[PDB]
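K.L.:
What follows is a single structure, and I will ask about it in a moment.
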């Protein structure tokens, strides 16, 4: 395939094979991960060599649930304190039902997670489908609403009462 | 020290509720000393918890290290155990703390409650000194929330959910096991002497299920096999532990140097004498292999162990199968070629 045995790329091939920690080969049915999409996605997780919160946030952004269920949530991942709460909040604002369900099933308690401040910030999020809350909160409070107004829980209570 | 502790009255019982688990489940609990008389505990379970006497007392033993079964094997084991404990009124004794085989039976319970009705009286006997939250359980006769999340560096363990009862045994220590083995064995001995509703004269049968195991598990198996009423023991081949050693020794029973796997104190220390004694009394041990032999179903394997292991007459087996409300067991195992039914 090259200029006889005189010319060879075997040394550089052995260097690449020395760096084989990141290469993820694929064989049709002879090994595990028979699916290309699983093979490509799992390469970015183990190849990142990052902490568990990074992998969870990435899988949350991709809107893939089975990837986080299978690769991330495994035996003794040693989740840092406060990471699961932030993951719950991020999955909550982005309208990811599967991730909320998975986090509830894996140790996160809704009674402890929810608080006044977190709900208050949850009511002013933007990373979701278009909603009709702002028109109601501008029609209930006064005739006019100043721009860039944080919707306090009293305003939402008045909206509910209306 | 030399067990110099205050024999104070109990101050922590009531009801717990697991928050953050897969499902919202409650479980009554009460902490008791290791020297509690088993009759009092049976009375507590009967009149103070509204539970009738069981028709089956499946006990589970295993190693305390959080091993992992190979896939497509824990599924059939869990389904068989669930079927055997659901179709017949059964009590499943277990360690209770979320470690080892207890985690697997908890997963098996969780993988049935989402598909079937009913309840399983999975009484758990766990040492009080190993619970990760020894506090937050002191409110007597009150509902106390409990968080199922645990940290690997906590040096303790969290009580497993889906265990819809609890019994806590304490001997003053903290962070050590071994304070409930005597309590569990005494409770099983007292239960097996109770009288079931049948008037022929048989007591509640007991069957010990062995998964994984350990060096002490061989000793407790020998203890089970040497009781005046012998207790049939069911093991599994696919565990890679003392149960796997028992399965390996089941073939070629009644080759010694093959026993060295660095699992004990070299070749200097060996439990081969005890293992060979247990293999000598292999009439009651009923091993299980996935598809390699007959009785591929765990529920069939457990139920058939109590029939042949009883060594009782045909009327006893028929009455037992009648009490369990299992028909195929009587059809296949009892009504067989020339049973010689008495007049």
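K.L.:
If you fit an axis through the alpha-carbon atoms of helix A:52-61 and take the longest principal axis of the Cα set of chain A, what angle between them do you get, 0 to 90°, nearest 10?
P.N.:
It works out to around 70 degrees.
K.L.:
How would you order B:327-335, B:98-106 from highest to lowest mean count of nearby Cβ atoms within 10 Å?
P.N.:
Highest-to-lowest ranking by the protection proxy: B:98-106, B:327-335.
K.L.:
Using C-alpha positions alone, give me the convex hull volume of region B:187-238 per residue in cubic angstrom.
P.N.:
Details: hull volume 4.7 nm³, N = 52.
Looking at region B:187-238, the number lands at 91 Å³ per residue.
K.L.:
Peptide B:17-23: average number of partner chain Cβ atoms within 10 Å per residue?
P.N.:
Values: counts 0, 1, 5, 12, 5, 4, 1.
Going residue by residue through B:17-23 and averaging, the value is 4.
K.L.:
Provide the gained length on full extension for the span residue B:343 to residue B:312, in nm with one decimal, where the gain is 0.36 nm per separating residue minus the Cα-Cα distance. Provide the component values of the computation, followed by the final result.
P.N.:
Numbers: separation 31, 0.36 × 31 = 11.16 nm, distance 1.67 nm.
Difference between extended and current length: 9.5 nm.
K.L.:
Here is a follow-up. Which of A:75, B:146 comes first, and how do the rest follow, when ranked by fewest Cβ neighbours within 10 Å?
P.N.:
Lowest count first: A:75, B:146.
K.L.:
Of B:4, B:270, B:23, how do they rank once you tally other Cβ atoms within 10 Å and put the fewest first? Each step should come with its number before you reach the end.
P.N.:
On the way: B:4 6, B:270 15, B:23 12.
By the 10 Å Cβ count, ascending: B:4, B:23, B:270.
K.L.:
Related question: Using only the alpha-carbon atoms of region B:127-230 as identical scatterers, what base-10 log of I(q)/I(0) does the Debye formula give at q = 0.24 Å⁻¹?
P.N.:
Taking Cα atoms of region B:127-230 as identical point scatterers yields -1.39.
K.L.:
How many angstrom lie between the C-alpha centres of region B:41-111 and region B:266-281?
P.N.:
29 Å
K.L.:
Would you mind ranking B:157, B:256, B:46 by Cβ crowding within 10 Å, fewest neighbours first?
P.N.:
B:256, B:46, B:157
K.L.:
Follow-up. Taking each residue in A:72-84, count the Cβ atoms of any other chain within 10 Å of its Cβ, then average. What number comes out?
P.N.:
Whole-number average of other-chain Cβ neighbours for A:72-84 is 1.
K.L.:
Label chain A by shape, choosing from rounded, prolate and oblate, from the square roots a ≥ b ≥ c of the eigenvalues of the Cα gyration tensor; if a/c is under 1.5 it is rounded, and otherwise prolate applies when a/b is larger than b/c, oblate when it is not.
P.N.:
Details: a/c = 3.62, a/b = 2.67, b/c = 1.36.
Since a/c reaches 1.5 and a/b is larger than b/c, the shape of chain A is classed as prolate.
K.L.:
Rounded to the nearest 0.05, what FRET efficiency is calculated for residue B:325 and residue A:148 with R0 set to 60 Å and r the Cβ-Cβ distance? Kindly include the intermediate steps, with their values, before the conclusion.
P.N.:
Values: r = 70 Å, r/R0 = 1.16.
According to the calculation, E is roughly 0.30.
K.L.:
Looking only at other chains, what is the average number of their beta-carbon atoms within 10 angstrom of each beta-carbon in B:148-154?
P.N.:
Taking the mean over all residues of the peptide, I get 3.
K.L.:
Note down the Stokes-Einstein diffusion coefficient of chain B in µm²/s, whole number, using a Kirkwood radius over alpha carbon pairs, 20 °C, and 1.002 mPa s.
P.N.:
Diffusion coefficient, whole number: 100 µm²/s.
K.L.:
Expressed as a fraction of 2.2 N^0.38 Å, the rule-of-thumb size for a compact globular protein of N residues, what is the C-alpha radius of gyration of the protein assembly as shown?
P.N.:
Scaled against compact globular proteins, the figure is 1.23.
K.L.:
So, by mean Cβ neighbours within 10 angstrom, what's the order for A:10-19, B:110-119, B:313-322, B:230-239 with the highest one leading?
P.N.:
Ranking, from highest mean packing down: B:230-239, B:313-322, B:110-119, A:10-19.
Coordinate-derived values only; no laboratory data. Note that each Cβ is placed from the backbone with ideal geometry, even for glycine, and that neighbours are counted across all protein chains shown.
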